[PDB]
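Given next, in structure tokens, is a single chain: the form deposited in one PDB entry.
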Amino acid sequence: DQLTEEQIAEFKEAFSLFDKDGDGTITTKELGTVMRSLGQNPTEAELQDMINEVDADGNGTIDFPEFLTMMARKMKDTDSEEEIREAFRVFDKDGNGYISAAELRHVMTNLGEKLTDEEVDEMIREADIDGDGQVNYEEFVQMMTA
């Protein structure tokens, strides 16, 4: 059923974490910046490859539809769990199976987001189905699905 207004806002939030200058386009420099913030080390040719896979208009940057297309391909076939587990590990830095409030704050700080203790606690609450104050792997998965 129908793409929803809230779904769109979620995608727009993700786009804004890349598009830090809010000019409406994601460059290879912006892609690289976010990826390195998340502990990755892509090469220039790898960033170009990412953009070329979805650069429908050939202008060398990513616009909103092209960004959605990137996402749709990523989210398509995740049953191996390889990709989801890689993303979870970004957050679960100590590898203990639970994303703590401190761990979430680390990632949000790396992404350039200023948040209060109360804001981050509310984020945990959103994902924290079992109420234990931390986000496990299944809870993380459910945040993408849900």
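The first residue of the sequence shown is number 1, and the count goes up from there. Rigid core: the largest C-alpha set superposing within 1.5 Å between the two forms.
- Mean CA temperature factor is higher for 73 to 81 when stretches 73 to 81 and 88 to 96 are set side by side in the entry.
- Stretches 57 to 65 and 102 to 110 differ in mean C-alpha B factor, with the higher average recorded for 57 to 65.
- Residues shown: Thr116, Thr43, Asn52, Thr33. Highest C-alpha temperature factor in the entry: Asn52.
- Among all modelled residues in its chain, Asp128 ranks in the middle third by Cα B-factor.
The protein also exists as the form deposited in another entry; that form is not presented, and the subsequent description refers to it.
- If you fit the rigid core between this form and the one not shown, you'll see the Cα of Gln40 move by 2 angstroms or more.
- If you fit the rigid core between this form and the one not shown, you'll see the Cα of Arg85 move by 2 angstroms or more.
- Look at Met123 and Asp77: in the other entry their Cα atoms come 3 Å or more closer than in this form.
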